[PDB]
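Undergrad: quick one: initial chain(s) of a complex, as found there:
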Amino acid sequence: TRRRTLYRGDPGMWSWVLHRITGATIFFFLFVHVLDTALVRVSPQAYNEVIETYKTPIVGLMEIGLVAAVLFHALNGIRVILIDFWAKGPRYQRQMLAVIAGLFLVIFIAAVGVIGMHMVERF
Amino acid sequence: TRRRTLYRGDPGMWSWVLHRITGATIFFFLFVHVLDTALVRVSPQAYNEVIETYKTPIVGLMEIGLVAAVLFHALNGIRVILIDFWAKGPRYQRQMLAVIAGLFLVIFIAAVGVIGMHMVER
Amino acid sequence: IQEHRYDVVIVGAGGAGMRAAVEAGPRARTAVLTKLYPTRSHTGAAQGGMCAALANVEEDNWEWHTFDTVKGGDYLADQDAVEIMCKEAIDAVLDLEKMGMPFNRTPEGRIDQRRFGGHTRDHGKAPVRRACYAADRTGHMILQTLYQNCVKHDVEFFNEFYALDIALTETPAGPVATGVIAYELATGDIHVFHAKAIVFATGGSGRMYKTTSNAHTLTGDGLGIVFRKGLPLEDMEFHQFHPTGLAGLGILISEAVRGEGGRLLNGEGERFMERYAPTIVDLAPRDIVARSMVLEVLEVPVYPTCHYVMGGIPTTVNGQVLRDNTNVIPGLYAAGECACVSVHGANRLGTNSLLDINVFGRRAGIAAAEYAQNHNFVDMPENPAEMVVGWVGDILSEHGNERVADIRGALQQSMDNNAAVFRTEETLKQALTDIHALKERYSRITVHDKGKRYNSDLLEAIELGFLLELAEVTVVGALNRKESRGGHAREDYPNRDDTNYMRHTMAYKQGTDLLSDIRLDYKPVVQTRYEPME
Amino acid sequence: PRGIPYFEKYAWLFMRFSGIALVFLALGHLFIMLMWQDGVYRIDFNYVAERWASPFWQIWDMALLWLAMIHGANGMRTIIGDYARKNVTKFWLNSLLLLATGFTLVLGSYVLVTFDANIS
Amino acid sequence: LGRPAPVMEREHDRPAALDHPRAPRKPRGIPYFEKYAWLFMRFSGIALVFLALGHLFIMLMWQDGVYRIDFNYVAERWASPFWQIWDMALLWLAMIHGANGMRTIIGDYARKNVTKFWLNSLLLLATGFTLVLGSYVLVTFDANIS
């Protein structure tokens, strides 16, 4: 028997689950992408072939998704490092969390705007 | 509260103080040497510039001081290694110290003579 | 039906139970029977301090404490045991500290003490700063420390084991206690623990009142068990009703109002306590304060709540269950709030309870361990669990038109409207008729589980039986005592008749079924130096 | 005493310190790649070759590779330790992780160290 | 009146019960790390005698000392496997030697454990930076840089 139920606890819990998910995302991408970059010790034409197949609109929205993942992971990791090293850290947990929510929204709407204007002028 | 006391102990104590001081001197100099040598991957002219500024009389006196630091550190470190490995080391401590005082004197005055000749002929 | 061969067997895990367990832990092969976990015990509810004359902040000796404790109990306390308790109280507090308890410390670093109630300088002069405390949470720290030490010395706890009766073996020199028949809640299996000594530390019994301050698990089972085995109970009609009682439910309000400017304003918009009892503002004894408030109501909201029971199993100083006035049951000990060593007498002084449990739990544990070392196993009768197994089976396999909840609710409502802070003759007789009717209704009740894994209506019904017995004892004793002394207070006879009633009253169970009679004997009060005066 | 003593303390500290460094490394990489001149739409072999003709970017990319791979490998070690129920599964998954991490570090280091602009 | 009790708390992060008088002294680090750091200082000193003193001799005393040194001199010396390996061994041995020595120095001059932690972190950072920069310059050097 296995019951299925949602705990509905702190917001730091959802921060941690997003942290874990985005970290694993970047790890798998990094494996694949170090390979395709290692294709540069083979041929300029091989490298150009591959990275040109990386210039499609699907891969563009995926670039936006990966930008989001790395940005959230970086901000939340700063929060975690602060909690651990700063002695008054655990008191301002939720303050830091709201601050990095704000920073993420700002920087990410800016980054989507820039990447979007590039994708627009490229079509 | 804090009192100022000179303990006035063994000569091995002053050997250890000098060993510590000269070792830290070499450590900091080495940080700087490695940076200014890393400057060899940017251009020939940048490297030539900074080392031409390292060929002055002030830096010549400093290089003599660095020779002294490295020489004393090496010799007293040989003494320390012998004390730790050779089973009759601790007996002959304080004779090793006289030996390395003499060695430092001869090697240092020879080296400073050669370096002073180089610095004169310019 | 398992059977364990053991030595000193402690029934309870509160302050007294775990004190006895850390004493008789190394000395013998001890088992501890608890119906809760050792840290869910009432002791943990204790917010106040624990007073012992350590003389750190001020200077005070143990004779001042002895006088305070003898005058508080309205001259019914055995002054032998009072002296012994104070003298050992100093060292009991120190031993708790040396076991690791986090007391509050003085600028110099010994132990901090603060004032409490009627602990006065010498025979009524000034407060003394006597009560040693840990925080707003003193009983919890005592409980945690004793449990940590029982963990350290690797005591064998039997958690959630409802001890339902004891096996008394009869010998030519009388009866002798052999084993305890427990009911493991977790598996339904009856266990029989064979012991040489048996310590009862099962706490008090306030749950026979509607509005009370005791845990839901404080029904009174040491009292009920030793009262069913034929042994007596001492002066059960002395219940201390606390004044601050959160008129809604009954929770105690000794949280903050105690050591501050609590303006007891009641009636419509008036202050009363000095209109009634001047010469002291509001630090009068708890029973006096409660009588005042109640007779005021008879002419944040608070209301008195049954708080403590001064009666219980009669006991010597070394912790032995004396059978009548001078005999003793061999191999049977008692400690804590279930035991009546006759220290509080007719009214309990604040902070003397944790003190009492420490001192006399240690004494009873030592005594039971050394008895188990000296003597040996005596015998046991044939399959001594027949009565308990028949009891449980009879309760289980039957169907009746009564519910434990309704019987218990009616018992508590009657015992609260009648045998309470003010009680009268016709009042107590109404209570007696009500308890007899409820006792004959308890014969036909039902349980709705019939399972054997975690059966709780079963034990709820058994505890209701215990409560009915103790309620009968209380009402009949309080109908007997025709005076107003201490927590007891009658409106027919309103002043302390010291010519006939300066004597403990003891109750013996004649029959064996529920509806039976009770014989009321007496017991003299040991007197050393403090003759009555007021 | 289940593993190497004081290994968990230093893995913990390494995650913190490599995070502090990877903020700059990874976010500067993403910035300069995606939102500087034409983003991806300027990237090709010539772009890579003129970027890797600079000690700055060479050391930047090697530090990024090593820090990111050791960081991710330690994090996935933690994830495996929290999700694998059988000890044999945990053993073989940690071995697969170690193999893939070693292969990626070897390949990336080879490419960086050996890259030559003039290949054809 | 009595004598106020002595406070045993050194700093907030330090359990006082760690410096209890009757507390058992047990090792507070990786086992056998100090033995091997000690042995490393001895052996790397034996190697550094030759490496460092030969470096100093050839630089300062051989032909015209520093007054001959420039890019072309460096580029002629590093065209030889002998001098390449000599300088790589010198860099690695000297930096690990000095960093372990300064580990000792910090450990016995820092009064607080927080200061010790952060100075050891700064030391490890500076040593790592110098090692990777020197290794990069040695490995990836080309005389035809311009």
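TA: Here it is on my side, so go on. Numbering: from 1, shown residues only, chains lettered A, B, ... in the order given.
Undergrad: CA only for contacts and neighbour counts going forward, please
TA: Fine.
Undergrad: any idea how far the residue in the stretch 101-250 of chain C that chain D sits nearest to is from residue E:20?
TA: Closest approach between the stretch 101-250 of chain C and chain D, counting by Cα to the nearest Cα: residue C:152, at 22.4 Å. Relative to residue E:20, residue C:152 is positioned 21 Å away (criterion: Cα to Cα, to the nearest Å).
Undergrad: likewise residue C:527?
TA: Residue C:527 sits 50 Å away from residue E:20, going by Cα to Cα.
Undergrad: which one's more surrounded, these two?
TA: It is residue C:527, of residue C:527 and residue E:20, that has more neighbours when counted by other Cα atoms under 10 Å in any protein chain shown, with 14 against 11.
Undergrad: that one and chain A: what is the separation?
TA: 61 Å (Cα to the nearest Cα, to the nearest Å).
Undergrad: list the contacts of that residue.
TA: In this structure, residue C:527 makes contact with C:78, C:79, C:80, judged by Cα atoms under 8 Å, 6 or more residues apart in numbering or on different chains.
Undergrad: three-state assignment of it?
TA: Under the three-state scheme (DSSP: H, G, I helix; E, B strand; the rest coil), the conformation of residue C:527 reads as coil.
Undergrad: now it: phi and psi?
TA: phi -130, psi 130 (degrees, to the nearest 10).
Undergrad: ok, the one 3 residues further on next?
TA: Note on residue C:530: its backbone torsions stand at phi -110, psi 80 [degrees, to the nearest 10].
Undergrad: check the gap between the residue in the stretch 151-300 of chain C that chain E sits nearest to and residue C:41 for me.
TA: When Cα to the nearest Cα is the measure, the stretch 151-300 of chain C has its nearest residue to chain E at residue C:152, with 18.4 Å between them. The gap separating residue C:152 from residue C:41 is 19 Å, by Cα to Cα.
Undergrad: mind adding chain F? sequence follows:
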Amino acid sequence: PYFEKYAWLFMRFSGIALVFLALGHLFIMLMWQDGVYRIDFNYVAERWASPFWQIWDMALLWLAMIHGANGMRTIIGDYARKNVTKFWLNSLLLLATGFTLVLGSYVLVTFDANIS
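TA: Same chains as before, plus chain F:
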């Protein structure tokens, strides 16, 4: 602690890898075209102009040297009677292994075809 368990496991795993590495090396060297009788600097230079063979030889060097060094550590531990002898023999082994790894890695990393 746990150093012997991991040295044991390393011998097993490096053996599995070294089967392919070492036996492919021996095959391609001795019994492909003319065996040794074709080997010279030009052969080495055209073999080491390939990422395949470069990584093959570096993996072979590192795995083979750590494997052999651990095995000889075991042999010394089983044959050396005095603790001083064991100490100085393990130090000589560590020195020779480090020197060989340093020299082989230098040669691989720094090899240039156009030397004269």
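Undergrad: show me where chain D has helices.
TA: Taking DSSP state H as the criterion, chain D carries its helices at D:7-34, D:45-51, D:55-83, D:87-114.
Undergrad: distance of residue C:426 from chain E?
TA: Separation of residue C:426 from chain E (Cα to the nearest Cα): 61 Å.
Undergrad: measure the residue sitting furthest away from the middle of chain A to residue D:83 for me?
TA: Among the residues of chain A, the one whose C-alpha is farthest from the average of all C-alpha positions is residue A:1, by Cα atoms, centre = their mean at 36.2 Å. Taking Cα to Cα as the criterion, residue A:1 is separated from residue D:83 by 19 Å.
Undergrad: same question for residue C:343.
TA: Residue C:343 sits 60 Å away from residue D:83, going by Cα to Cα.
Undergrad: quick revisit: of the helices of chain D, which is nearest chain F?
TA: Distance to chain F, taken as Cα to the nearest Cα, is lowest for helix D:87-114 among the helices of chain D, at 8.2 Å.
Undergrad: tell me who's in contact with the residue in chain A that chain F sits nearest to.
TA: In chain A, the residue found nearest to chain F is residue A:41; the distance is 8.1 Å by Cα to the nearest Cα. With contacts taken as Cα under 8 Å, 6+ apart, residue A:41 has the following neighbours: D:111, D:114, D:115, D:116.
Undergrad: quick one: distance of the one helix or strand residue C:94 maps to to the chain centre.
TA: Under DSSP states H and E, the secondary-structure element containing residue C:94 is helix C:79-98. Between the mean C-alpha point of helix C:79-98 and the mean C-alpha point of its chain there is a distance of 19 Å (Cα atoms, centre = their mean, to the nearest Å).
Undergrad: which residue ranges of the stretch 51-200 of chain C form helices?
TA: The residue ranges that make up the helices of the stretch 51-200 of chain C, judged by DSSP state H, counting those that start in this stretch, are C:62-72, C:79-98, C:138-152.
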